[PDB]
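S.K.: Mind looking over this structure? Questions follow.
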Amino acid sequence: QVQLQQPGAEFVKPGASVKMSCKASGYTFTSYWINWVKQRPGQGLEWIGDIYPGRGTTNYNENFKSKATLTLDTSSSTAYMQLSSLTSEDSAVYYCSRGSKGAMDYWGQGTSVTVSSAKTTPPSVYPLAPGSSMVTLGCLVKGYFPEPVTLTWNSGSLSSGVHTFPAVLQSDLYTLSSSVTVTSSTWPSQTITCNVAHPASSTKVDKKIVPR
Amino acid sequence: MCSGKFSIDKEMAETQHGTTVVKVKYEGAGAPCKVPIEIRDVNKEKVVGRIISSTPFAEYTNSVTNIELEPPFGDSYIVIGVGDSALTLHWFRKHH
Amino acid sequence: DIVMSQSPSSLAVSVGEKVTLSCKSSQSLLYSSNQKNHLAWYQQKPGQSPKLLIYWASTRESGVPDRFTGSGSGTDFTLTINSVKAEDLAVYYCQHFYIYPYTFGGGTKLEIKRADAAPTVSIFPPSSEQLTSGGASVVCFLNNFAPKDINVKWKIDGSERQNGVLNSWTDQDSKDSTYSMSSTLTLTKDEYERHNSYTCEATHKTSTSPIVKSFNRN
Ligand SMILES: [Cl-]
Ligand SMILES: [Cl-]
Ligand code: NA
Ligand code: NA
Ligand code: NA
Ligand code: NA
Ligand SMILES: [Zn+2]
């Protein structure tokens with residue numbers, strides 16, 4: 001089926017540039033346009049420009065004329081966008097989409113770009129055990145940068161009853177938390193462990209929740 | 001109107017949404033000014049109301065301007081500028 | 001550039017209820033050549049990429065259930081959802097492709113309306129590891145409640161504490177249509193160890209009396 005594959009995230013300093021890919025499959029690549037769209041965390045969608053595979057035609061939003069560059073590689077059925085002279089204003093998710101007559105009928109999952117001069121900092125992971133049929137445990141992930149972190153329980157085999165909350169930035173550092181609710185009769189007999197991966201710092205931390 | 005010379009910044013091309021766009025670099029004094037435009041069918045007969053762009057303007061000497069047109073099917077001719085400085089571009093739009 | 005304005009900015013609707021969303025253009029999106037309105041609607045579920053629902057104002061994209069219908073022309077458009085489903089929570093955007101550059105509306109947040117539900121409150125004292133680094137976070141989960149509006153109040157030895165509190169809501173759950181919230185009172189170990197009782201009180205639409213969870217440092 002139709003698919004557009006983009007890298008998950010990019011972390012770069014101000015003044016630098018970045019290049020991100022958009023790999024298409026499931027249809028004849030030269031028959032459709034590719035758009036690029038920007039979305040700031042809490043905001044809407046902004047069209048950056050488009051490019052037509054084959055002919056090489058490009059069009060830009062005047063807002064991104066000096067900021068963005070759209071290119072192709074027809075052999076790999078890939079499209080690329082480069083952003084230059086980066087600032088925090090450029091911190092956003094960047095989607096690629098397939099265009100059918102101006103409508104964007106398919107989308108990539110988006111590449112989240114963080115532009116910051118802040119130092120990369122791995123997360124401290126703290127277990128949250130209870131100080132009665134179901135018991136709620138948790139993990140507090142504190143003092144990391146940048147986003148994102150990926151939180152699983154028992155390496156993903158525990159998914160139901162999970163609430164992972166959006167991180168909050170306080171003083172150049174993020175903090176999020178995660179709860180998991182399991183049957184009381186089978187904890188702590190059947191162990192529960194939170195895994196917190198932080199690709200930016202090339203770090204993962206596993207913390208088994210033990211009764212206090 | 002705008003009476004300076006016009007030149008092509010990027011050759012006319014088809015857009016994702018069934019129009020055509022051409023970037024023209026204004027090389028003349030008197031900006032800002034109205035870009036003289038006129039579309040003529042194969043019979044040099046003025047084809048009407050197919051300039052999708054709002055009345056296009058040149059901002060300053062050597063200012064590029066995007067013009068979007070909805071050319072008719074078959075042969076057409078886009079006259080940009082006025083007088084002997086006028087550019088005449090040819091376009092052919094296929095039915096699909 | 002063209003400006004796309006959407007109203008309302010947000011609304012709440014029940015499963016099975018009908019809803020109408022608006023999108024006005026600052027100029028006509030109609031091509032008289034083929035009487036095609038260059039307008040599209042998209043649905044972006046939380047944490048996901050946008051999905052195309054309709055194009056040319058009235059034409060449904062393949063795979064989209066017919067309960068989504070597009071209507072309108074010129075500069076006045078509307079997307080109607082009848083028999084709204086629980087999984088339809090999302091932000092709906094309108095977009096023009098009349099001319100470069102394409103621009104999107106501000107979007108409309110579609111919240112789902114379900115039966116009220118009081119939160120399950122759980123409190124957690126600081127872990128030994130954090131204390132060793134000089135920190136002392138007290139965490140409080142308030143899970144699966146139905147109306148988003150909710151207040152959390154931290155008391156230390158029975159005195160309200162507003163400084164050092166950070167809150168975060170999950171997005172509305174797709175299935176049960178509930179919300180969840182984490183509230184963390186971050187203290188230093190120094191202050192934490194000078195007080196005894198720590199409490200979080202959840203005042204919610206579902207109860208006149210607050211839901212109180214507490215522990216003693218003992
Ligand atoms: Cl104190
Ligand atoms: Cl105090
Ligand atoms: Na292909
Ligand atoms: Na594990
Ligand atoms: Na949190
Ligand atoms: Na485990
Ligand atoms: Zn104190």
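In the structure tokens, the first chain shown is A, the next is B, and so on; residue numbers restart at 1 for each chain, and ligands run from 1 in the order shown.
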Identify, counting only C-alpha atoms and all ligand atoms, the protein, DNA and RNA residues located within 6 Å of ligand 6, and give them as a PyMOL selection string.
M.R.: chain A and resi 154+191-193+208
S.K.: Can I get the selected residues back with N, CA, C and O atoms, as a PDB file, in the first residue's frame?
M.R.:
```pdb
ATOM      1  N   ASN A 154       7.951  -3.623  30.638  1.00  0.00           N
ATOM      2  CA  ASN A 154       8.422  -4.967  30.339  1.00  0.00           C
ATOM      3  C   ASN A 154       8.771  -5.095  28.861  1.00  0.00           C
ATOM      4  O   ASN A 154       8.398  -6.062  28.195  1.00  0.00           O
ATOM      5  N   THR A 191       7.056  -9.686  37.716  1.00  0.00           N
ATOM      6  CA  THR A 191       7.768  -8.420  37.804  1.00  0.00           C
ATOM      7  C   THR A 191       7.316  -7.423  36.748  1.00  0.00           C
ATOM      8  O   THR A 191       6.874  -7.799  35.663  1.00  0.00           O
ATOM      9  N   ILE A 192       7.440  -6.144  37.084  1.00  0.00           N
ATOM     10  CA  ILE A 192       7.088  -5.066  36.178  1.00  0.00           C
ATOM     11  C   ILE A 192       8.248  -4.088  36.100  1.00  0.00           C
ATOM     12  O   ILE A 192       8.759  -3.632  37.123  1.00  0.00           O
ATOM     13  N   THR A 193       8.646  -3.770  34.877  1.00  0.00           N
ATOM     14  CA  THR A 193       9.841  -2.974  34.629  1.00  0.00           C
ATOM     15  C   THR A 193       9.566  -1.904  33.582  1.00  0.00           C
ATOM     16  O   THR A 193       8.987  -2.192  32.537  1.00  0.00           O
ATOM     17  N   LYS A 208      13.145  -1.897  37.385  1.00  0.00           N
ATOM     18  CA  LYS A 208      12.114  -2.795  37.883  1.00  0.00           C
ATOM     19  C   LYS A 208      11.446  -2.142  39.083  1.00  0.00           C
ATOM     20  O   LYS A 208      12.121  -1.571  39.938  1.00  0.00           O
TER      21      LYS A 208
END
```
S.K.: Mind checking which residues fall within 8 Å of residue 107 (chain A), counting only C-alpha atoms, ignoring those fewer than 6 positions away in the same chain, and posting them as a PyMOL selection string?
M.R.: (chain A and resi 3-4+95-98) or (chain C and resi 49-51)
S.K.: Selection from above, N, CA, C and O atoms, as a compact mmCIF listing (two decimals), in the first residue's frame, can you write it?
M.R.:
```txt
# COMPACT_ATOMS: atom_id res chain seq x y z
N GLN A 3 2.96 4.30 1.02
CA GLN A 3 3.73 4.56 2.23
C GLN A 3 4.80 5.63 2.02
O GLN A 3 5.47 5.67 0.99
N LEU A 4 4.93 6.50 3.03
CA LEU A 4 5.98 7.50 3.07
C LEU A 4 6.72 7.36 4.39
O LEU A 4 6.13 7.47 5.46
N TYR A 95 6.35 16.93 8.01
CA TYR A 95 5.77 15.83 7.25
C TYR A 95 6.09 15.95 5.77
O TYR A 95 6.24 17.05 5.24
N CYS A 96 6.20 14.81 5.10
CA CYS A 96 6.10 14.78 3.65
C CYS A 96 4.78 14.11 3.32
O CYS A 96 4.31 13.25 4.08
N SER A 97 4.16 14.50 2.22
CA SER A 97 2.89 13.91 1.82
C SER A 97 2.83 13.76 0.31
O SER A 97 3.53 14.46 -0.42
N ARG A 98 2.02 12.82 -0.17
CA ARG A 98 1.79 12.68 -1.60
C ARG A 98 0.63 13.56 -2.01
O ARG A 98 -0.40 13.60 -1.33
N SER C 49 -0.03 11.47 11.99
CA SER C 49 -0.01 12.35 10.83
C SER C 49 -1.43 12.60 10.35
O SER C 49 -2.32 11.79 10.60
N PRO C 50 -1.65 13.73 9.67
CA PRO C 50 -2.99 14.03 9.13
C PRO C 50 -3.46 12.98 8.12
O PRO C 50 -2.64 12.34 7.46
N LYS C 51 -4.77 12.80 8.02
CA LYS C 51 -5.36 11.86 7.08
C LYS C 51 -6.42 12.57 6.23
O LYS C 51 -7.25 13.30 6.75
```
S.K.: Step by step, measure atom-to-atom distances between ligand 7 and each residue using only C-alpha atoms and all ligand atoms, keep those at most 10 Å, then write them as a VMD selection string.
M.R.: chain C and resid 156 to 157 159 161 187 to 188 190 to 195
S.K.: Within 9 Å of chain B, which residues belong to chain C? Use only C-alpha atoms and report them as a ChimeraX atom specification.
M.R.: /C:38,97-100
S.K.: Output N, CA, C and O atoms for every residue in that selection, as a CSV table (one decimal), in the first residue's frame.
M.R.:
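The resulting file, again.csv, is shown below:
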```
chain,number,residue,atom,x,y,z
C,38,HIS,N,-11.4,24.0,-4.9
C,38,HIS,CA,-10.1,23.5,-4.5
C,38,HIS,C,-10.0,23.5,-3.0
C,38,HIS,O,-9.3,24.3,-2.4
C,97,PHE,N,-6.1,24.5,-2.3
C,97,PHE,CA,-5.1,24.3,-3.3
C,97,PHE,C,-5.4,25.1,-4.6
C,97,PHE,O,-5.0,24.7,-5.7
C,98,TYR,N,-6.2,26.2,-4.4
C,98,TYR,CA,-6.5,27.1,-5.5
C,98,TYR,C,-5.3,27.7,-6.1
C,98,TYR,O,-5.3,28.0,-7.3
C,99,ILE,N,-4.3,27.9,-5.3
C,99,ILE,CA,-3.1,28.6,-5.8
C,99,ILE,C,-1.9,28.4,-4.8
C,99,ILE,O,-2.1,28.2,-3.6
C,100,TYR,N,-0.7,28.5,-5.3
C,100,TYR,CA,0.5,28.5,-4.4
C,100,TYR,C,0.5,29.9,-3.7
C,100,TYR,O,0.3,30.9,-4.4
```
S.K.: Define the interface residues of chain A facing chain C as those within 6 Å, counting only C-alpha atoms, and report them as a PyMOL selection string.
M.R.: chain A and resi 44+47+61+102+105+109+130+165
S.K.: Quick one: write out the picked residues with N, CA, C and O atoms as a PDB file, in the first residue's frame?
M.R.:
```pdb
ATOM      1  N   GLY A  44      -0.909  24.549  14.050  1.00  0.00           N
ATOM      2  CA  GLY A  44      -1.485  23.885  12.895  1.00  0.00           C
ATOM      3  C   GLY A  44      -0.473  23.537  11.821  1.00  0.00           C
ATOM      4  O   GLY A  44       0.712  23.359  12.100  1.00  0.00           O
ATOM      5  N   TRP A  47       2.294  24.903   4.822  1.00  0.00           N
ATOM      6  CA  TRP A  47       2.852  24.344   3.596  1.00  0.00           C
ATOM      7  C   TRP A  47       4.198  24.983   3.273  1.00  0.00           C
ATOM      8  O   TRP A  47       4.302  26.203   3.150  1.00  0.00           O
ATOM      9  N   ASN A  61       6.847  28.171  -0.622  1.00  0.00           N
ATOM     10  CA  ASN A  61       6.190  29.227   0.124  1.00  0.00           C
ATOM     11  C   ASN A  61       7.226  30.315   0.365  1.00  0.00           C
ATOM     12  O   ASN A  61       8.345  30.021   0.785  1.00  0.00           O
ATOM     13  N   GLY A 102      -3.448  18.544  -5.609  1.00  0.00           N
ATOM     14  CA  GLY A 102      -3.443  19.582  -4.594  1.00  0.00           C
ATOM     15  C   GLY A 102      -3.872  19.052  -3.240  1.00  0.00           C
ATOM     16  O   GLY A 102      -3.552  19.634  -2.203  1.00  0.00           O
ATOM     17  N   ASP A 105      -3.191  13.131  -0.125  1.00  0.00           N
ATOM     18  CA  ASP A 105      -3.948  11.915   0.161  1.00  0.00           C
ATOM     19  C   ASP A 105      -3.189  10.876   0.988  1.00  0.00           C
ATOM     20  O   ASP A 105      -3.781   9.900   1.449  1.00  0.00           O
ATOM     21  N   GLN A 109       5.074   9.850   8.667  1.00  0.00           N
ATOM     22  CA  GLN A 109       4.823   9.938  10.102  1.00  0.00           C
ATOM     23  C   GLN A 109       5.437  11.196  10.719  1.00  0.00           C
ATOM     24  O   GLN A 109       5.118  11.560  11.850  1.00  0.00           O
ATOM     25  N   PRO A 130       3.877   1.679  45.341  1.00  0.00           N
ATOM     26  CA  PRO A 130       2.896   2.128  46.337  1.00  0.00           C
ATOM     27  C   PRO A 130       3.502   2.259  47.732  1.00  0.00           C
ATOM     28  O   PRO A 130       4.221   1.364  48.179  1.00  0.00           O
ATOM     29  N   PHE A 165       2.461  10.196  29.972  1.00  0.00           N
ATOM     30  CA  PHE A 165       2.062  11.593  29.888  1.00  0.00           C
ATOM     31  C   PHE A 165       3.069  12.439  29.118  1.00  0.00           C
ATOM     32  O   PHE A 165       4.271  12.193  29.185  1.00  0.00           O
TER      33      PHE A 165
END
```
S.K.: Which chain A residues have any atom within 12 Å of an atom of chain B, and for each, what is the nearest pair of atoms with distance in Å to one decimal, counting only C-alpha atoms, rows sorted by chain and number, as JSON lines?
M.R.:
```
{"residue": "A:31", "atom": "CA", "partner": "B:16", "partner_atom": "CA", "distance": 10.8}
{"residue": "A:32", "atom": "CA", "partner": "B:16", "partner_atom": "CA", "distance": 8.4}
{"residue": "A:33", "atom": "CA", "partner": "B:16", "partner_atom": "CA", "distance": 6.5}
{"residue": "A:34", "atom": "CA", "partner": "B:16", "partner_atom": "CA", "distance": 9.1}
{"residue": "A:35", "atom": "CA", "partner": "B:16", "partner_atom": "CA", "distance": 9.6}
{"residue": "A:49", "atom": "CA", "partner": "B:16", "partner_atom": "CA", "distance": 10.7}
{"residue": "A:50", "atom": "CA", "partner": "B:16", "partner_atom": "CA", "distance": 8.1}
{"residue": "A:51", "atom": "CA", "partner": "B:16", "partner_atom": "CA", "distance": 8.6}
{"residue": "A:52", "atom": "CA", "partner": "B:16", "partner_atom": "CA", "distance": 7.8}
{"residue": "A:53", "atom": "CA", "partner": "B:16", "partner_atom": "CA", "distance": 11.2}
{"residue": "A:55", "atom": "CA", "partner": "B:13", "partner_atom": "CA", "distance": 9.4}
{"residue": "A:56", "atom": "CA", "partner": "B:13", "partner_atom": "CA", "distance": 10.2}
{"residue": "A:57", "atom": "CA", "partner": "B:13", "partner_atom": "CA", "distance": 7.2}
{"residue": "A:58", "atom": "CA", "partner": "B:15", "partner_atom": "CA", "distance": 8.8}
{"residue": "A:59", "atom": "CA", "partner": "B:15", "partner_atom": "CA", "distance": 8.3}
{"residue": "A:60", "atom": "CA", "partner": "B:66", "partner_atom": "CA", "distance": 10.5}
{"residue": "A:61", "atom": "CA", "partner": "B:66", "partner_atom": "CA", "distance": 11.0}
{"residue": "A:62", "atom": "CA", "partner": "B:66", "partner_atom": "CA", "distance": 10.2}
{"residue": "A:98", "atom": "CA", "partner": "B:16", "partner_atom": "CA", "distance": 10.6}
{"residue": "A:99", "atom": "CA", "partner": "B:16", "partner_atom": "CA", "distance": 7.3}
{"residue": "A:100", "atom": "CA", "partner": "B:16", "partner_atom": "CA", "distance": 7.5}
{"residue": "A:101", "atom": "CA", "partner": "B:17", "partner_atom": "CA", "distance": 4.6}
{"residue": "A:102", "atom": "CA", "partner": "B:17", "partner_atom": "CA", "distance": 5.0}
{"residue": "A:103", "atom": "CA", "partner": "B:17", "partner_atom": "CA", "distance": 8.5}
{"residue": "A:104", "atom": "CA", "partner": "B:16", "partner_atom": "CA", "distance": 10.6}
```
S.K.: Would you export the selected residues with N, CA, C and O atoms as a compact mmCIF listing (two decimals), in the first residue's frame, please?
M.R.:
```txt
# COMPACT_ATOMS: atom_id res chain seq x y z
N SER A 31 4.41 9.71 -10.79
CA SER A 31 3.05 10.07 -11.17
C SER A 31 2.40 11.04 -10.18
O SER A 31 1.30 11.53 -10.42
N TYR A 32 3.09 11.32 -9.07
CA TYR A 32 2.52 12.14 -8.01
C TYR A 32 3.51 13.17 -7.48
O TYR A 32 4.72 12.94 -7.48
N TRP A 33 2.98 14.30 -7.04
CA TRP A 33 3.79 15.33 -6.40
C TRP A 33 4.05 14.96 -4.95
O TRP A 33 3.35 14.13 -4.37
N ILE A 34 5.07 15.58 -4.36
CA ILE A 34 5.34 15.46 -2.93
C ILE A 34 5.36 16.85 -2.31
O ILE A 34 6.08 17.74 -2.77
N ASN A 35 4.55 17.03 -1.27
CA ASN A 35 4.54 18.26 -0.49
C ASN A 35 5.32 18.10 0.81
O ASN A 35 5.53 16.98 1.28
N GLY A 49 6.40 23.72 0.60
CA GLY A 49 6.55 23.70 -0.84
C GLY A 49 6.27 22.33 -1.40
O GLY A 49 5.94 21.41 -0.65
N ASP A 50 6.39 22.18 -2.72
CA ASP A 50 6.21 20.88 -3.35
C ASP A 50 7.26 20.63 -4.42
O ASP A 50 7.99 21.54 -4.82
N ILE A 51 7.34 19.38 -4.87
CA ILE A 51 8.27 19.00 -5.92
C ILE A 51 7.67 17.85 -6.73
O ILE A 51 7.02 16.97 -6.17
N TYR A 52 7.88 17.86 -8.04
CA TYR A 52 7.32 16.81 -8.89
C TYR A 52 8.40 15.85 -9.37
O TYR A 52 9.26 16.22 -10.16
N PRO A 53 8.34 14.60 -8.89
CA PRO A 53 9.31 13.56 -9.27
C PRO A 53 9.36 13.36 -10.79
O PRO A 53 8.32 13.18 -11.42
N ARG A 55 10.12 15.45 -13.61
CA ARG A 55 10.36 16.76 -14.21
C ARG A 55 11.26 17.61 -13.32
O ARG A 55 12.09 18.38 -13.82
N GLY A 56 11.10 17.48 -12.01
CA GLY A 56 11.95 18.19 -11.06
C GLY A 56 11.41 19.55 -10.68
O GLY A 56 12.08 20.32 -10.00
N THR A 57 10.19 19.86 -11.12
CA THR A 57 9.56 21.14 -10.82
C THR A 57 9.44 21.33 -9.31
O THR A 57 9.05 20.41 -8.59
N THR A 58 9.77 22.53 -8.84
CA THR A 58 9.62 22.86 -7.42
C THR A 58 8.87 24.17 -7.23
O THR A 58 8.96 25.08 -8.06
N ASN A 59 8.13 24.26 -6.13
CA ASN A 59 7.47 25.50 -5.74
C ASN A 59 7.63 25.71 -4.24
O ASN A 59 7.51 24.77 -3.46
N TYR A 60 7.89 26.95 -3.84
CA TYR A 60 8.14 27.27 -2.44
C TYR A 60 7.19 28.32 -1.89
O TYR A 60 6.78 29.24 -2.60
N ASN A 61 6.85 28.17 -0.62
CA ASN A 61 6.19 29.23 0.12
C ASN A 61 7.23 30.32 0.36
O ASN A 61 8.34 30.02 0.78
N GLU A 62 6.87 31.57 0.09
CA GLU A 62 7.84 32.65 0.18
C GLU A 62 8.45 32.73 1.58
O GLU A 62 9.57 33.20 1.76
N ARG A 98 2.02 12.82 -0.17
CA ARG A 98 1.79 12.68 -1.60
C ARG A 98 0.63 13.56 -2.01
O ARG A 98 -0.40 13.60 -1.33
N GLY A 99 0.79 14.27 -3.12
CA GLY A 99 -0.22 15.19 -3.59
C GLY A 99 -0.97 14.69 -4.80
O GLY A 99 -0.37 14.40 -5.84
N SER A 100 -2.29 14.56 -4.66
CA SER A 100 -3.15 14.25 -5.80
C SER A 100 -3.99 15.46 -6.15
O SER A 100 -5.06 15.67 -5.58
N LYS A 101 -3.49 16.26 -7.08
CA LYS A 101 -4.22 17.41 -7.62
C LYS A 101 -4.32 18.56 -6.62
O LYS A 101 -5.16 19.44 -6.76
N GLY A 102 -3.45 18.54 -5.61
CA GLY A 102 -3.44 19.58 -4.59
C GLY A 102 -3.87 19.05 -3.24
O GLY A 102 -3.55 19.63 -2.20
N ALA A 103 -4.61 17.95 -3.25
CA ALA A 103 -4.98 17.27 -2.01
C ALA A 103 -3.84 16.35 -1.60
O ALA A 103 -3.18 15.75 -2.44
N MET A 104 -3.61 16.25 -0.29
CA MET A 104 -2.53 15.44 0.23
C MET A 104 -3.08 14.11 0.76
O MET A 104 -3.39 13.98 1.95
```
S.K.: Could you check how far CA of residue 133 (chain C) sits from CA of residue 169 (chain A), in Å to one decimal?
M.R.: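 CA of residue 169 (chain A) lies 19.8 Å from CA of residue 133 (chain C).
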S.K.: Can you list every residue in region 38-149 of chain A that DSSP puts in strand (DSSP E), as JSON, numbers by chain?
M.R.: {"A": [38, 39, 46, 47, 48, 49, 50, 51, 58, 59, 60, 68, 69, 70, 71, 72, 73, 78, 79, 80, 81, 82, 83, 92, 93, 94, 95, 96, 97, 98, 99, 100, 103, 104, 105, 106, 107, 111, 112, 113, 114, 115, 124, 125, 126, 127, 128, 134, 135, 136, 137, 138, 139, 140, 141, 142, 143, 144]}
S.K.: Please write out the residues within 7 Å of ligand 3 as a PyMOL selection string, counting only C-alpha atoms and all ligand atoms.
M.R.: chain A and resi 24-25+27-30+77
S.K.: For region 26-28 of chain B, please output as a PDB file with C-alpha atoms, in the first residue's frame all residues within 12 Å (counting only C-alpha atoms; exclusion window: fewer than 4 positions along the same chain).
M.R.:
```pdb
ATOM      1  CA  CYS B   2       4.793  48.404 -15.671  1.00  0.00           C
ATOM      2  CA  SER B   3       6.980  49.408 -18.610  1.00  0.00           C
ATOM      3  CA  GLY B   4      10.412  48.014 -17.730  1.00  0.00           C
ATOM      4  CA  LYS B   5      11.917  44.926 -19.338  1.00  0.00           C
ATOM      5  CA  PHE B   6      10.829  41.510 -18.108  1.00  0.00           C
ATOM      6  CA  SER B   7      12.880  38.312 -18.196  1.00  0.00           C
ATOM      7  CA  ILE B   8      12.310  34.701 -17.156  1.00  0.00           C
ATOM      8  CA  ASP B   9      13.680  33.645 -13.775  1.00  0.00           C
ATOM      9  CA  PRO B  32       6.171  48.811  -7.900  1.00  0.00           C
ATOM     10  CA  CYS B  33       3.939  48.417 -10.962  1.00  0.00           C
ATOM     11  CA  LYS B  34       1.342  46.212 -12.677  1.00  0.00           C
ATOM     12  CA  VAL B  35       2.837  43.377 -14.721  1.00  0.00           C
ATOM     13  CA  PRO B  36       1.305  43.613 -18.202  1.00  0.00           C
ATOM     14  CA  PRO B  56       0.686  40.576 -10.268  1.00  0.00           C
ATOM     15  CA  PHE B  57       3.115  43.276  -9.107  1.00  0.00           C
ATOM     16  CA  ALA B  58       6.826  43.932  -9.482  1.00  0.00           C
ATOM     17  CA  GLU B  59       8.244  45.064  -6.132  1.00  0.00           C
ATOM     18  CA  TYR B  60      11.498  46.707  -7.215  1.00  0.00           C
ATOM     19  CA  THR B  61      14.175  46.702  -9.910  1.00  0.00           C
ATOM     20  CA  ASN B  62      15.281  43.082 -10.360  1.00  0.00           C
ATOM     21  CA  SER B  63      12.338  41.708  -8.345  1.00  0.00           C
ATOM     22  CA  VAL B  64      11.052  38.245  -9.253  1.00  0.00           C
ATOM     23  CA  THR B  65       7.299  37.638  -9.450  1.00  0.00           C
ATOM     24  CA  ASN B  66       5.287  34.409  -9.516  1.00  0.00           C
ATOM     25  CA  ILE B  80       4.547  39.501 -20.536  1.00  0.00           C
ATOM     26  CA  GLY B  81       5.447  43.184 -20.457  1.00  0.00           C
ATOM     27  CA  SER B  85      10.367  44.497 -24.507  1.00  0.00           C
ATOM     28  CA  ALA B  86       7.428  42.090 -24.336  1.00  0.00           C
ATOM     29  CA  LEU B  87       8.147  38.400 -23.788  1.00  0.00           C
TER      30      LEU B  87
END
```
S.K.: Could you please extract the residues within 12 Å of ligand 4, counting only C-alpha atoms and all ligand atoms, and hand them back as a list in words?
M.R.: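 Selection of residues at most 12 Å from ligand 4: residues 151, 152, 153, 154, 155, 156, 157, 158, 190, 191, 192, 193, 194, 195, 196, 197, 204, 205, 206, 207, 208 and 209 of chain A.
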S.K.: Which neighbours of residue 13 (chain C) fall inside 8 Å, counting only C-alpha atoms, when residues of the same chain fewer than 4 positions from it are skipped, and could you give them as a list in words?
M.R.: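 My reading of the contact set: residues 17, 18, 19, 84, 110, 111, 112 and 113 of chain C.
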S.K.: Using only N, CA, C and O atoms, please write the residues we just selected to a file, as a short mmCIF file (atom, residue, chain, number, x, y, z; two decimals), in the first residue's frame.
M.R.:
```
data_model
loop_
_atom_site.label_atom_id
_atom_site.label_comp_id
_atom_site.auth_asym_id
_atom_site.auth_seq_id
_atom_site.Cartn_x
_atom_site.Cartn_y
_atom_site.Cartn_z
N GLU C 17 -24.26 11.56 17.93
CA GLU C 17 -24.76 12.91 17.67
C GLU C 17 -24.16 13.46 16.38
O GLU C 17 -23.11 13.01 15.93
N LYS C 18 -24.84 14.43 15.78
CA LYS C 18 -24.37 15.04 14.54
C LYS C 18 -23.67 16.36 14.83
O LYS C 18 -23.98 17.04 15.80
N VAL C 19 -22.72 16.72 13.97
CA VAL C 19 -21.88 17.89 14.20
C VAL C 19 -21.48 18.55 12.88
O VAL C 19 -21.24 17.86 11.89
N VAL C 84 -21.36 10.51 15.15
CA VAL C 84 -19.95 10.62 15.52
C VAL C 84 -19.52 9.38 16.30
O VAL C 84 -20.22 8.93 17.20
N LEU C 110 -11.97 18.42 17.89
CA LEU C 110 -13.17 17.65 18.15
C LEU C 110 -12.99 16.76 19.37
O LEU C 110 -12.35 15.71 19.29
N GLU C 111 -13.55 17.18 20.49
CA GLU C 111 -13.55 16.39 21.71
C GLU C 111 -14.76 15.46 21.73
O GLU C 111 -15.83 15.80 21.22
N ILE C 112 -14.59 14.28 22.31
CA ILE C 112 -15.68 13.32 22.43
C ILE C 112 -16.35 13.42 23.80
O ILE C 112 -15.69 13.62 24.82
N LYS C 113 -17.67 13.29 23.79
CA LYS C 113 -18.48 13.44 24.99
C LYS C 113 -19.04 12.09 25.43
O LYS C 113 -19.82 11.47 24.71
#
```
S.K.: Which is closer to ligand 2 than all the others in C:162, C:172, C:82, C:20, using only C-alpha atoms and all ligand atoms?
M.R.: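 Once distances to ligand 2 are computed over only C-alpha atoms and all ligand atoms, the minimum belongs to C:162.
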S.K.: Need the shell around residue 113 (chain A): protein/DNA/RNA residues with any atom at most 9 Å away, counting only C-alpha atoms. Skip same-chain ones fewer than 4 positions apart. Format as JSON, numbers by chain?
M.R.: {"A": [8, 9, 10, 11, 12, 18, 90, 91, 92, 93, 94]}
S.K.: To test your reading of the structure, identify every residue in region 40-128 of chain C that backbone DSSP assigns to helix (DSSP H, G or I), and report it as a ChimeraX atom specification.
M.R.: /C:86-88,128
S.K.: Create the file for the chosen residues now, containing C-alpha atoms and written as a PDB file, in the first residue's frame.
M.R.:
```pdb
ATOM      1  CA  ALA C  86     -15.499   7.481  19.647  1.00  0.00           C
ATOM      2  CA  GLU C  87     -12.423   7.086  17.443  1.00  0.00           C
ATOM      3  CA  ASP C  88     -13.281  10.288  15.566  1.00  0.00           C
ATOM      4  CA  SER C 128      15.295   6.371  47.370  1.00  0.00           C
TER       5      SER C 128
END
```
